[PDB]
Structures are given as structure tokens and as C-alpha cells.
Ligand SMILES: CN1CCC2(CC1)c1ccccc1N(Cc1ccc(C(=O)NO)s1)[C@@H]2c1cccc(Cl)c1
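Encoded as C-alpha cells, the following chain is the form deposited without the named molecule, with no partner shown.
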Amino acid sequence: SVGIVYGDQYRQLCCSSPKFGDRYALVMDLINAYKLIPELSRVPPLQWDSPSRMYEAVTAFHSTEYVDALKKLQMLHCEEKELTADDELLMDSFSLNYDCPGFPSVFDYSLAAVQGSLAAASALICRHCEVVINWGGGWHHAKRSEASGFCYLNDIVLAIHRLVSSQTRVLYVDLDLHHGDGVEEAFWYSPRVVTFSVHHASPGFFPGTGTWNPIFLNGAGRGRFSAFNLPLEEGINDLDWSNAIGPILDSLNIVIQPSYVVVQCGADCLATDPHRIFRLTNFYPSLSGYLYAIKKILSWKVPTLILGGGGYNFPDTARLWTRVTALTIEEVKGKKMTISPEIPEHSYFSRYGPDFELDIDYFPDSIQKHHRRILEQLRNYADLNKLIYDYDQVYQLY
């Protein structure tokens, strides 16, 4: 079956941040308005038997002092008076500031995404679901002891950690506009989690990594060659983006043969995202790069975790993720999902004005070098990890 993470409290928590507002509610209500929920198995967010069990789950990746600091930040923001200078300095030392501010629910909000993605991972492990979707998750920037890019807790690293420790290999695929640095870094020394991020990179653009460093770094120790990156120039469309990553996806699957796939599907590559950097769509006839990638990944028939991420045009993120959700049901259950080109009436209908259609409102050799580089890296990866692959069969894809 296809699972999806939601619950009433979950919804409230995912909608309590100053940066992403009610986006999750738009997403889940658009999915509901298109009658997709009856097709889906609800996956309840994980809860724990005690504070100690919660901490040992979260400190599987994050340091105890960082988790303490985040929890204290929440408490401090549930009080009237300003932070002391000592508290400011403490928060600064974990980058809990600037673009990662405190707010009254910052800990519960962050933890919620972890609860969802851990429950999603468990539903895959026990084989209750073939695919699980968590649109409240996908926070790929958070580090062991540092908030970054409005990511406070890295639900992806924790979910992946549960998957590998269940021999097991995980392929992580990061489609967000931004480099998934936090996930990449977490598994930098681990060959069993192969990470692949496609993203914009350019001087001064956040977070700075996932590109020429001059050479391409790609893992260390036994994890050498296990971190893959494809940095792309601004302005790329659905077709060029698809052609850029399609051969890479297929070759990674063939060579790695992952036991699980985890996909971060941040929607900030949409042409209508305020970043205005890539020109991807949610079109399903030209064809959305997102839907192309997901369809390709689901065709592998590997247990899969699909996560959200970036996406700052909320109704258009809803439009895309509603389509990813329908496509997942169709590919997994083999049952056609017809989605009306018009937005159905529902609680958030007015947010989709003024045209109220499902399509986003938009009218549409460097890469060849990157493919050779990535092919060579995949070869070094296989060599280092003694994996058997048809070098030709892989080379033909490109």
C-alpha cells in the first residue's frame, strides 16, 4: 500500500512555524479535496514511552547539548521576558538564530517531522507500506549540533539511520533547489548510504556546497565516492533537468541496488517559486521534472520514502505534491487516478485564485562533463565497494 503521514496534532504542529505557516494544511487539504485520502494508509507519527526514549531516538544523530538547547529555546520563547546575554550566546553557538529563530513551538515543530519520518521508516521496514509519503518532513540542512536553513532537526538522517540499521543499502535522492548538505555530511564516511543531490549552485547561494571546492569532494574513509552531486545553472526547464538526472538515477539504482530509496522532494525548483531560479512545473500531459523523477524511482519497485522540503509558494507546492501523491498511488497500486484540471471546492479554495486550476500558472555540455565525472565516480564507488556491475549497460544509459 501507499502510506501517508498525518494526524490532527501533527497538522497543528507542522502549521505552527513562522516560515512555513499553514502550508502543510494546504497540501493535505488539497490531497483530501481530490479524494486521494481513501486510497492512502494513514501513518501515525511515532510517539515515545518516556523523555529518555525520545532523547535516545533524536540523539541517534544530534548531540545531547544541541537537543537541550533547542528545548530550552522553546521554553524561553514561551515566556514574556527577553533572553539573557548568556542565553543568546548559547543559542548562537548552535546557530539557533537569524534564519533559524526561536518561536513558541520550535522544539515540538521540529520533533514532529522526526516523529513522522521515523514512523514512515518503520512502516516500510515492517512492510506495512511499499511507499510512505511525509509532506511534513524533509529537513535536510540540520547538522549534528547546528540549525541551518530553517531546519532544526534532521528527520531525514534519523529515518535513514533507522532504515540502514534494520546487507542494507540506502539511496538518498535530493531534488530540492538547495544542496542537501546535512544529509550528505551525516553519511560522509558511510558507503551504505549513497547520497545524490541535484541543485542550483552559484557563488554566494545557500548553503555553498555540492559543487567545485579545485575539485569535487565525494565522501571520505570507506565512504569515499559515496556522495554524489549535480550542480545546475539557473533557468533550467523540465526537459533539461530530467535529461540531466535521469541517466544518473538509473545508473545509481543498477549499481547500488538499494534496499530503500529516500526522496526529498522540495518544491522550490518550481518556476513559480519566489526563488525564481529553476523553471520546473507540476505539468502531467511539458512533463514535470519532479513527476518524471518520482515515476522513474517508483518503477524500480524498491520500498520508498517520499519527503517534502523547500517550497515557498504554498498553493503551488500543494499543486505539485498533490500530483506526486496521485502519481504514487497510480504507480504502486496500478490504479488510474484522474485529477480534474480544476481545483475542487474546499476550505482553502480561495488560495488558488484567480484561475483555480491545478497546473501552476506558467508558460515555458556542462551537464555532459558532469555525467562523465559522475560515471567515473560511480565506477570508483563500485570498485572500492567490490560491487558487480555491467560497465557498458551503465554507460549506454548516457
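In case it trips you up, residue 1 is the first one in the sequence shown, and so on.
Of the other compared PDB entries of this protein that include residues on both sides, at least a third leave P214 without atoms. In the record comparison, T168 is modelled in each of the other entries of this protein that model the residues flanking it, with no third of them omitting it. Counting the deposited residues that fall between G204 and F205 and carry no coordinates gives zero. According to the record, the deposited sequence contains 4 to 9 residues between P364 and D365 that were left without coordinates. Comparing the deposited coordinates for 131-139 and 324-332, the stretch with the larger average C-alpha B-factor is 324-332. Stretches compared: 349-357, 25-33. Higher mean C-alpha B-factor in the entry: 349-357. Based on the entry's C-alpha B-factors, the most elevated value among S165, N218, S93, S288 belongs to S165.
Take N253, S148, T281, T209 and read off each C-alpha B-factor from the entry; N253 has the highest. The PDB entry assigns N97 a C-alpha temperature factor belonging to the highest third of its chain's modelled residues. Among the modelled residues of its chain, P341 has a C-alpha B-factor that falls in the highest third, as given in the PDB entry.
Residue-level temperature factors show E79 in the highest third of its chain, judged at the C-alpha atom. In this PDB entry, the Cα temperature factor of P274 sits in the top third of its chain's modelled residues, the highest group. Ranked against the other modelled residues of its chain, the C-alpha B-factor of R42 as given in the entry falls in the highest third.
The same protein also has a form solved in complex with the named molecule, omitted here; what follows describes it.
Between the options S226, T322, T281, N229, the residue in contact with the named molecule in the deposited complex by a heavy atom within 4.5 angstroms is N229. Checked against the named molecule in the deposited complex, the residues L217, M75, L287, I254 give one hit for a heavy atom within 4.5 Å, which is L217.
The putative spot formed by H179, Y189 and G210 is fully lined by the named molecule in the deposited complex; each residue has a non-hydrogen atom within 4.5 angstroms of it. Heavy atoms of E184 reach within 4.5 Å of the named molecule in the deposited complex, making it an interface residue.
Only one segment in the set 77-85, 202-210, 233-241, 110-118 has any non-hydrogen atom within 4.5 angstroms of the named molecule in the deposited complex, and it is 202-210.
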